[PDB]
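>>> Mind folding the following:
(4 chains, ligands or ions: 4)
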There are 4 protein chains.
Amino acid sequence: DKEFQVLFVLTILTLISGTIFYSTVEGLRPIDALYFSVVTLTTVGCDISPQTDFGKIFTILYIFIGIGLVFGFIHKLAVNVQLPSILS
Amino acid sequence: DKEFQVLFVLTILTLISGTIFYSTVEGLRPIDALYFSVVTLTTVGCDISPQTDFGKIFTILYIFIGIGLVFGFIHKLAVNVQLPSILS
Amino acid sequence: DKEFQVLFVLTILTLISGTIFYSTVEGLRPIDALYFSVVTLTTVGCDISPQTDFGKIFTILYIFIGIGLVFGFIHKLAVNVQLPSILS
Amino acid sequence: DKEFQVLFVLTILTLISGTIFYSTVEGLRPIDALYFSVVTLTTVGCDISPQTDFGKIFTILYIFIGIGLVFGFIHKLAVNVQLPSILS
Ligand SMILES: [Ba+2]
Ligand SMILES: [Ba+2]
Ligand SMILES: [Rb+]
Ligand SMILES: [Rb+]
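Numbers count the residues shown, from 1 in each chain, chains lettered A, B, ... in the order given. Ligands and ions are numbered 1, 2, ... in the order given. Please find the structure below.
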């Protein structure tokens, strides 16, 4: 699907931005930065929190911007891929 | 859009109320109070929990009143604003 | 509203059940048990986790049963109360 | 219902996969592995985070694949089963 493709690409770019930011500013390992971005944007959350004020401000903006996109991608993956394969 | 503007203003006022409350009652720094309000209303959560009973009661009420508004704002941002990707 | 009334009553009974359970089995203070039930059923989550296996099993069942009801109540409070008052 | 049964079976299989994985890779007790899978897929979250990189990668993928199915099961339970309250 085309819109699923654009949602996938935007989700990947968002997770890449989060990885880069949290590895630079918060000094996380790249895998830890990626995990934090993922559990944050899916609203799972973890015991980790940003320590710098820049990290906290960016996390607020990142949450507000990326929750909608990550969950649009999850919803489209569920409704246009997972449902037909289940029907099979 | 107008409804988007109402939702933005209400979200800002809700986060301001949360910031003021958690900086007064829970003694958090204002940036920390804002971060806690944001991660609470978006259901992300963090390792911080209110220590006073007043903080806990206010958080229960704050969750129930503000989750709907915050996620309405996120949805309207993602749909009525976050679609310039249609310029694909 | 009638269905809003039944959703409110069911949410109150669910939070009461959670308060009683987590104050007895997990030894929490009643306010702490109520706060844990609230942040759990709204998927906010907190740093607290049940220590007993009974608490963990009950929490799994409680999550699955009460997320749908708590969020039906939140959705109805947003759509049948908050929206018209906003329009005013 | 039949779709409810498919969703229940898929949810059980997903939680079983999560239990097995988190008990092997992360060394959790089986009850703890099941609890972590449940609170992760429902987006509640807990103070536990995977310690191995394999655990983190698997959790990212597990979140993205299972959130849709788990919440479809919760919705179908709450709507097609949790309405005997209509006997009001
Ligand atoms: Ba959620
Ligand atoms: Ba948490
Ligand atoms: Rb959540
Ligand atoms: Rb959470």
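>>> C-alpha only now, for contacts and for neighbours.
Fine.
>>> and the residue lying closest to residue A:51 once chain neighbours are set aside, which of the three is it?
By the measure of C-alpha to C-alpha, 6 or more residues apart in numbering or on different chains, the closest residue to residue A:51 outside its immediate chain neighbours is residue A:26, 6.9 Å from it. On the three-state scheme (DSSP: H, G, I helix; E, B strand; the rest coil), residue A:26 is labelled coil.
>>> same check, this time on residue A:46
At residue A:46 the chain is in coil, as set by three-state DSSP.
>>> and it, what does it touch?
Residues near residue A:46 by C-alpha atoms under 8 Å, 6 or more residues apart in numbering or on different chains: A:36, A:39, A:40, B:45, B:46, B:47, D:45, D:46, D:47, D:48, D:49.
>>> Out of those, which are close to ligand 4?
With C-alpha under 5 Å from the ion as the criterion, these include B:45, D:45 near ligand 4.
>>> Need the contacts of residue A:46 in TSV (columns: distance to residue C:2).
Shown next, in TSV, are the contacts of residue A:46 (distance: C-alpha to C-alpha, whole Å):
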residue	distance to residue C:2
A:36	42
A:39	37
A:40	37
B:45	32
B:46	36
B:47	38
D:45	33
D:46	36
D:47	39
D:48	41
D:49	42
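>>> mind listing the helices in chain A by residue range?
Secondary structure of chain A, counting by DSSP state H: helices at A:2-24, A:30-41, A:53-77, A:83-87.
>>> list the buried ones in the shortest one?
It refers to helix A:83-87. Within helix A:83-87, no residue counts as buried by 16 or more other C-alpha atoms under 10 Å in any protein chain shown.
>>> From the chain's centroid, how far away is it?
25 Å (C-alpha atoms, centre = their mean, to the nearest Å).
>>> And for the third one?
Centroid separation between helix A:53-77 and its chain, computed with C-alpha atoms, centre = their mean, is 6 Å.
>>> List the contacts of that helix.
Contact partners of helix A:53-77, identified using C-alpha under 8 Å, 6+ apart, comprise A:4, A:7-8, A:10-11, A:14, A:22, A:25-26, A:40-43, A:50, B:31, B:35, B:38-39, B:74-75, B:77-78, D:64, D:67-68.
>>> I'd like to know how many residues surround the one residue in chain A that gets nearest to ligand 3.
Nearest to ligand 3, among the residues of chain A, is residue A:43, at 4.3 Å (C-alpha to the ion). Using other C-alpha atoms under 10 Å in any protein chain shown, residue A:43 has 27 other residues around it.
>>> residues in contact with it?
If a contact means C-alpha under 8 Å, 6+ apart, then residue A:43 has A:67, B:42, B:43, B:44, B:45, D:43, D:44 as its contacts.
>>> Not counting its neighbours along the chain, what's nearest it?
Excluding the flanking residues, the one nearest residue A:43 by C-alpha to C-alpha, 6+ apart is residue B:44, at 4.0 Å.
>>> Give me the neighbour count for residue A:25.
Per other C-alpha under 10 Å, the neighbour tally for residue A:25 reads 14.
>>> How much space separates the nearest residue to it once chain neighbours are set aside from residue C:20?
Excluding its sequence neighbours, the residue lying closest to residue A:25 (C-alpha to C-alpha, 6+ apart) is residue A:55, at 6.6 Å. Distance of residue A:55 to residue C:20, computed by C-alpha to C-alpha, to the nearest Å: 39 Å.
>>> what does chain A have sitting close to ligand 4?
Where chain A comes near ligand 4, counting by C-alpha under 5 Å from the ion, the residues are A:44, A:45.
>>> ok so, going back, quick one: contacts for the residue nearest to residue A:43?
Taking C-alpha under 8 Å, 6+ apart, one finds A:40, A:41, A:42, A:43, A:44, A:45, C:43, C:44, C:45 in contact with residue B:44.
>>> What are the phi and psi values at it?
phi -70, psi -50 (degrees, to the nearest 10).
>>> any idea which of the helices of chain A is most buried?
Highest mean neighbour count among these (mean count of other C-alpha atoms under 10 Å in any protein chain shown): helix A:30-41, with a mean of 22.
>>> For chain A, which residue gets nearest to ligand 4?
Closest to ligand 4 within chain A is residue A:44: 4.2 Å, counting by C-alpha to the ion.
>>> quick one: residue A:9 and residue C:80, what's the gap?
Counting by C-alpha to C-alpha - residue A:9 and residue C:80 are separated by 37 Å.
>>> now do residue A:61
Separation of residue A:61 from residue C:80 (C-alpha to C-alpha): 29 Å.
>>> before we move on, the earlier item: may I see the helices of chain A organised as JSON lines, with distance to residue B:86 added?
Shown next, in JSON lines, are the helices of chain A (distance: least, C-alpha to C-alpha, whole Å):
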{"stretch": "helix A:2-24", "distance to residue B:86": "9"}
{"stretch": "helix A:30-41", "distance to residue B:86": "22"}
{"stretch": "helix A:53-77", "distance to residue B:86": "14"}
{"stretch": "helix A:83-87", "distance to residue B:86": "25"}
